Every structure is written in structure tokens, then in C-alpha cells.
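Only one chain is included here, represented as C-alpha cells and corresponding to the form deposited in one PDB entry.
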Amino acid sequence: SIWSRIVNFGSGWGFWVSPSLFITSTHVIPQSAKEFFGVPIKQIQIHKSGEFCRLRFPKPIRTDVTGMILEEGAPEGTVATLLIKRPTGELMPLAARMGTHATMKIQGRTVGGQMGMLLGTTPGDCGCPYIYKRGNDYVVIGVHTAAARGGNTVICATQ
């Protein structure tokens, strides 16, 4: 069901934090769109923080979902879940030990987020959420935006 909150968005994915809040990667959002989920884009309030893209809709869109906790990253050492959906529809939950929070430079651009280590990702996976459980509540910490071409290093864009 939480998987139902991940939906094809442009060249990547996005996630319904609530019935009205939708988050994605800044590299994924369709730049020349005049409508999202039937809503005129003029009616949608979009905020961009580096690679974190945040879409507040005027009315609730996903009335079936509940509002989730959204925070700027996770505590260091937290083993997070990277909920990756592939174009085939396959579900690919990946374990990632979250690392330090920082302003990072990625392909010349400045990105606020949190490094992680997979315990693979591909171009089409951007916009997919990082989530961990804290008590009884699941917590969204950000969206996938990059991965180093060396070893295991993923970037979760935050804020």
C-alpha cells in the first residue's frame, strides 16, 4: 500500500507524503507541463530546495492515504529503506545505512542531502523515497537523486 504512493513522474518517480503533498527529484519533474494529475500547474505550489522538489496541491488528490512524517534526513547510522520501483513494476526495497548530512557538489551543482551506503540504483530510479521506521510511525527523509560511480554511495536529497 505504501508502494501505491510511488508513481511514475516524468523520467523518474514521486511520492505522496499526504493526500496533498507530492515530492520528487528536481531532475525528474516535467519542465514543460501545464498540468499534474489533472490540476492546472498555476494552482500547484512548487518549492525547490536543490534536488528536493515539493508539490503542494490545492485540494487533496490521494484521499485514500494518510499524512506521513517528513523530516530533513535521518540520524546518522540509521538503516533506511530505499523504495525503488522499476518500469517493469517490480518492487525493489533496498537497505541503506544513512550517513552524514551535508551540502554536496554533484556534477558541478550544489545539493543538500544525506549520503548513504547500500547494504544497485540506475538513472530511472530518481525521485524514489527513503523511509525508516521510528517506533510505530514510518518517516520519510528524502528522495533518491544521485549515486557515485565508484562503490556504494547513494545520495538522498532532503529538506
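In this text, residue numbers run from 1 along the sequence as written. Only the largest set of C-alpha atoms that superpose within 1.5 Å between the two forms is called the rigid core.
Subject >> Unresolved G151 in a third or more of other entries flanked by modelled residues >> reply: In at least a third of the other entries, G151 has no coordinates.
Original post:
Do any residues of the deposited sequence lie unmodelled between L119 and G120, and which range holds their number: none, 1 to 3, 4 to 9, or 10 or more?
Top reply: 10 or more residues lack coordinates between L119 and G120.
**OP:** For the higher mean C-alpha B factor in the entry, choose 98 to 106 or 33 to 41.
**Re:** 33 to 41 has the higher mean C-alpha B-factor.
Original post:
Between 136 to 144 and 19 to 27, which has the higher average C-alpha B-factor in the PDB entry?
Top reply: The recorded data point to 136 to 144.
Original post:
At the C-alpha atoms, which of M92, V65, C128, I46 reaches the highest B-factor in this entry?
Top reply: Of the candidates given, the C-alpha B-factor peaks at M92.
**OP:** Can you work out whether the C-alpha temperature factor of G14 puts it in the lowest, middle or highest third of the chain?
**Re:** For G14, the deposited C-alpha B-factor lands in the lowest third.
**OP:** Within this chain's modelled residues, let me know which third the CA B factor of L83 belongs to: lowest, middle or highest.
**Re:** According to the entry, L83 has a C-alpha B-factor in the chain's highest third.
Original post:
Which third of the chain holds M115 when residues are ordered by C-alpha B factor: lowest, middle or highest?
Top reply: Lowest third.
**OP:** For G50, return the chain-relative third of its C-alpha B-factor as stated in the PDB record: lowest, middle or highest.
**Re:** It belongs to the lowest third of the chain when residues are ordered by C-alpha B-factor.
**OP:** Would you please rank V154 by its C-alpha temperature factor against the other modelled residues of its chain and give the third it falls in: lowest, middle or highest?
**Re:** Its C-alpha B-factor, which the entry lists for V154, ranks in the middle third among residues of this chain.
The same protein also exists as the form deposited in another entry; that form is not shown, yet it is the one meant from here on.
Subject >> Mobile residue between this form and the one not shown, C-alpha criterion 2 Å or more, rigid core, from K105, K48, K59, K42 >> reply: One residue passes the 2 Å cut-off, namely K105.
Original post:
Where do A147 and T103 end up in that other deposited form, Cα atoms closer or farther than shown, with a change of 3 Å or more?
Top reply: It is closer: the C-alpha separation of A147 and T103 falls by at least 3 Å in that other deposited form.
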